[PDB]
Amino acid sequence: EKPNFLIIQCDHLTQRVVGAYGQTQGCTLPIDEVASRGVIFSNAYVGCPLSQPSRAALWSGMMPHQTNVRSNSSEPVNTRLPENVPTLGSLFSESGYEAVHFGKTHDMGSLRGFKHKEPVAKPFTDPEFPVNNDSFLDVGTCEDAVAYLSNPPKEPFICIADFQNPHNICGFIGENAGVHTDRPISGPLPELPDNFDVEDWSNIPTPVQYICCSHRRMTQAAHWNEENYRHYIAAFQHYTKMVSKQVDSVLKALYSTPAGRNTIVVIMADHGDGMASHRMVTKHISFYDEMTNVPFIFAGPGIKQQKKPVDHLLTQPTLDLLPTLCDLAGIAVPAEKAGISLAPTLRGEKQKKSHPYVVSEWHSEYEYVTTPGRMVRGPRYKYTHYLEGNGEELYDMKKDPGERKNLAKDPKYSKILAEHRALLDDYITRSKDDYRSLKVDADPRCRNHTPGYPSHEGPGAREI
Ligand SMILES: [Cl-]
Ligand SMILES: [Zn+2]
């Protein structure tokens with residue numbers, strides 16, 4: 001009849017690690033099996049590479065400057081979503097769907113309309129990698145979703161399973177902070193990425209120069225060697241395999257009932273992880289693909305299999321998931337929502353409405369450093385601007401997908417730069433963005449040493 005929906009979201013999950021995108025084998029087989037039945041987008045940019053802003057934005061179908069959840073800080077710095085704002089869950093709930101949510105919330109009110117159940121951490125010992133409450137909560141989340149999908153009560157439903165992993169990578173970094181010899185592992189060690197090194201630190205913006213100061217985990221990884229970073233990637237894959245096994249459990253529960261086959265499965269992330277690219281660990285300030293270009297996978301009744309990743313559209317899950325699911329469910333979407341339904345692409349029809357560019361925002365994490373930034377991703381180039389120092393990046397995503405050569409200061413590229421600044425102005429105007437009025441709050445002690453993370457000195461912005 002009317003379709004059910006199962007949204008499986010993972011914190012930190014990256015395209016590179018997901019086999020469906022063609023770079024890594026062996027980490028996400030169950031996700032790749034869903035993908036093979038359906039469609040995956042190659043350009044799927046989140047409106048902010050940080051948990052709370054992305055999630056606030058996602059489930060209300062807005063951008064972060066509009067929700068006013070621009071960091072992981074609570075009220076009053078950030079504002080909870082008012083109950084008069086339509087939401088994925090209110091839209092679906094008001095139409096007669098049962099709407100349930102399991103796992104990580106971190107939503108600041110944007111989950112309104114979902115009946116939420118809190119997972120209970122179920123601890124266990126891993127013999128090779130550090131595991132913590134992130135991993136343990138996921139055992140609970142998985143048990144909750146399994147029990148629900150193994151017996152609904154009832155249909156039509158929409159269900160979200162919000163997993164923590166591979167977020168446990170953060171705990172790994174803390175256990176392996178600073179100069180160190182790595183704990184031996186039994187796997188083959190993954191190679192560093194081709195974009196690992198930063199070739200010229202003078203040619204990236206001030207806030208990116210000093211992520212080692214403002215970001216605790218960059219502080220902790222600042223002086224790591226190549227073995228260290230390669231163990232970081234092995235651990236990322238481990239936690240990715242861990243959550244994939246839970247995705248597998250949840251899907252087995254889905255298809256153990258007749259409801260399963262009438263269910264549209266979406267698989268995504270709120271943001272990704274640096275994975276050593278550009279020396280990065282986790283996420284902070286920067287807009288590189290590793291962090292802002294997430295897995296975005298659909299399969300189910302009425303969605304046509306496409307073997308080739310959709311790479312001719314710029315997608316923005318943060319905006320587009322709300323309209324896409326509402327479309328497929330036959331629910332009217334409030335005209336103020338700026339997202340675009342991908343349901344035509346998913347049904348194997350031509351996509352006549354599409355995003356001419358997609359955007360991402362940075363503000364702060366916990367308001368130690370406030371250094372607002374904006375990314376504009378056009379059909380071919382990615383442009384970056386930061387207020388602090390008026391820094392700019394410009395990257396050729398066709399010939400330099402690894403983002404190793406900033407072209408912003410290359411005269412050959414000035415009309416391309418002008419054109420992309422002009423898109424940012426378009427975004428700022430149409431979205432009512434206050435970017436240009438915003439103030440930096442970046443202590444000079446966090447901009448002290450020579451640019452770049454290996455040259456980092458001191459404890460970082462934590463003090464104070
Ligand atoms: Cl911060
Ligand atoms: Zn530093």
Side-chain angles (χ1 to χ4, degrees), residues 3-9 11 46-48 51-70 74-75 78-119 141 144-145 148-149 152-163 259 262-270 296 298 300 315-343 346 431-432:
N4 308 305
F5 297 81
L6 172 53
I7 315 196
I8 299 169
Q9 187 178 224
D11 209 79
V46 293
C48 179
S51 183
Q52 198 175 238
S54 170
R55 288 171 198 275
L58 178 66
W59 308 124
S60 55
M62 327 194 212
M63 294 296 269
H65 77 264
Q66 296 165 341
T67 58
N68 231 299
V69 179
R70 315 186 187 209
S74 49
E75 285 189 329
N78 294 311
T79 303
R80 287 175 55 89
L81 204 79
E83 305 206 305
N84 67 342
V85 173
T87 235
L88 180 60
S90 63
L91 285 169
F92 267 75
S93 223
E94 283 149 24
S95 285
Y97 274 75
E98 160 152 30
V100 302
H101 176 279
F102 304 104
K104 189 184 174 172
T105 54
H106 211 202
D107 62 291
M108 290 283 273
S110 80
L111 276 178
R112 174 187 105 71
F114 278 96
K115 178 235 83 179
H116 170 66
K117 184 182 171 305
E118 200 61 7
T141 297
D144 289 332
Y148 179 78
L149 295 178
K154 60 103 179 165
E155 271 171 288
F157 68 84
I158 175 163
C159 172
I160 302 164
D162 251 321
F163 289 109
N262 190 39
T263 304
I264 285 160
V265 175
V266 191
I267 306 193
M268 57 188 314
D270 61 334
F296 199 33
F298 291 79
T315 262
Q316 181 123 65
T318 302
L319 295 179
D320 307 341
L321 185 67
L322 190 155
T324 301
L325 299 179
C326 282
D327 198 341
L328 294 159
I331 289 157
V333 162
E336 77 263 8
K337 301 296 185 190
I340 297 177
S341 176
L342 291 155
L346 295 170
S431 70
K432 297 196 175 86

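Numbers here are sequence positions counted from 1. Every heavy atom of this structure was used, including side-chain atoms; hydrogens, water molecules and symmetry mates were not.
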Margin query: Whether the side chain of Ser95 engages the backbone of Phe92 through a donor-acceptor N/O pair (distance < 3.5 Å, no angle test) should be reported.
Written below: no
Next item on the list: Search all heavy atoms of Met108 against all heavy atoms of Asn78 and return the closest pair with its distance.
Entry: CE-CB, 3.5 Å
Notebook entry, point to check: Looking at residues at least two apart in the chain, or sitting in another chain, which of them share a salt bridge (charged side-chain N to carboxylate O under 4.0 Å, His left out) with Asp270?
Noted result: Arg55
Checklist line | Contact check, side chains of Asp11 and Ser51, non-hydrogen atoms, under 4.5 Å | finding: yes
Note to self: Run the side-chain contact (heavy atoms from CB on, under 4.5 Å) test against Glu336 and tell me which residues pass, sequence neighbours left out.
What the structure shows: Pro86, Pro334
Next item on the list: Taking all heavy atoms of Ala56 and all of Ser60, pick out the closest pair and write down the distance.
Entry: O-OG, 2.7 Å
Check: How long is the span from the OG1 atom in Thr105 to the CZ atom in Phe114, to the nearest 0.5 Å?
Finding: 13.0 Å
Item checked: Closest non-hydrogen atom pair between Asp144 and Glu118, with its separation -> OD2-O, 4.0 Å
Taking only distance into account, with no hydrogens and no angle test, what donor-acceptor pairs under 3.5 Å do side-chain atoms of residues 316-327 form with protein atoms, sequence neighbours excluded?
| residue | atom | partner | partner atom | Å |
| --- | --- | --- | --- | --- |
| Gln316 | OE1 | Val359 | N | 3.3 |
| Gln316 | NE2 | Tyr45 | O | 3.0 |
| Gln316 | NE2 | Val359 | O | 2.7 |
| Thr318 | OG1 | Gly47 | N | 3.0 |
| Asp320 | OD1 | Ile340 | N | 3.1 |
| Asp320 | OD1 | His355 | NE2 | 2.7 |
| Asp320 | OD2 | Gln316 | N | 2.8 |
| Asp320 | OD2 | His355 | NE2 | 3.2 |
| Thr324 | OG1 | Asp320 | O | 2.5 |
| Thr324 | OG1 | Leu342 | N | 3.0 |
| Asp327 | OD2 | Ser341 | OG | 2.5 |

Note to self: My understanding is that only residues two or more places apart in sequence, or in another chain, count here; which of them pass salt bridge (charged side-chain N to carboxylate O under 4.0 Å, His left out) with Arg70?
What the structure shows: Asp434
Next item on the list: For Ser93, enumerate each residue passing the side-chain contact (heavy atoms from CB on, under 4.5 Å) test, keeping only those at least two apart in sequence or located in another chain.
Entry: none
Checklist line | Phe296 CZ to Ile267 CD1 distance, which is reported to the nearest 0.5 Å | finding: 12.0 Å
Check: Among all residues two or more places apart in sequence or in another chain, which pass the side chain to side chain donor-acceptor pair (under 3.5 Å) test with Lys115?
Finding: none
Note to self: Applying side chain to side chain donor-acceptor pair (under 3.5 Å), can you list everything that pairs with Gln52, at least two apart in sequence or on another chain?
What the structure shows: none
Item checked: Atom pair CD1 (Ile7) and CD1 (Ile160), whose distance is rounded to the nearest 0.5 Å -> 5.0 Å
Margin query: For the backbone of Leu111 and the side chain of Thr87, can you confirm whether one donor and one acceptor N or O come within less than 3.5 Å of each other?
Written below: no
Next item on the list: Please name all residues satisfying side-chain contact (heavy atoms from CB on, under 4.5 Å) with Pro153, sequence neighbours left out, ordered by chain then number.
Entry: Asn151
Next item on the list: With sequence neighbours excluded, tell me which residues meet ring pair (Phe, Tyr, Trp, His ring centres under 6.0 Å) with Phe102.
Entry: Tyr148
Item checked: Residue among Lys104, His106, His101 satisfying side-chain hydrogen bond (donor to acceptor under 3.5 Å, both in side chains) with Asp162 -> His101
Checklist line | Interatomic spacing from OG1 in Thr67 to CG in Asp107 - rounded to 0.5 Å | finding: 11.0 Å
Next item on the list: Determine, stepwise, if the pair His65 / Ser431 fulfils side chain to side chain contact (heavy atoms under 4.5 Å, CB included).
Entry: CA-CA 9 Å; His65 77 264; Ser431 70; 3.1 Å; yes
Margin query: Which residues pass the side chain to side chain donor-acceptor pair (under 3.5 Å) test with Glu94, not counting sequence neighbours?
Written below: none
Checklist line | Heavy-atom closest pair, residues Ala259 and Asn4 | finding: O-ND2, 3.2 Å
Notebook entry, point to check: Does the side chain of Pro119 come within less than 4.5 Å of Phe163's, by heavy atoms?
Noted result: no
Note to self: Using side-chain heavy atoms (C-beta onward) and a distance below 4.5 Å, is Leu91 in contact with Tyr97?
What the structure shows: no
Next item on the list: Please report the shortest heavy-atom distance between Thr141 and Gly103, naming the atom on each side.
Entry: OG1-CA, 3.2 Å
Margin query: More than 12 heavy atoms of other residues, nucleotides or ligands under 6.0 Å from CD of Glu75: yes or no?
Written below: yes
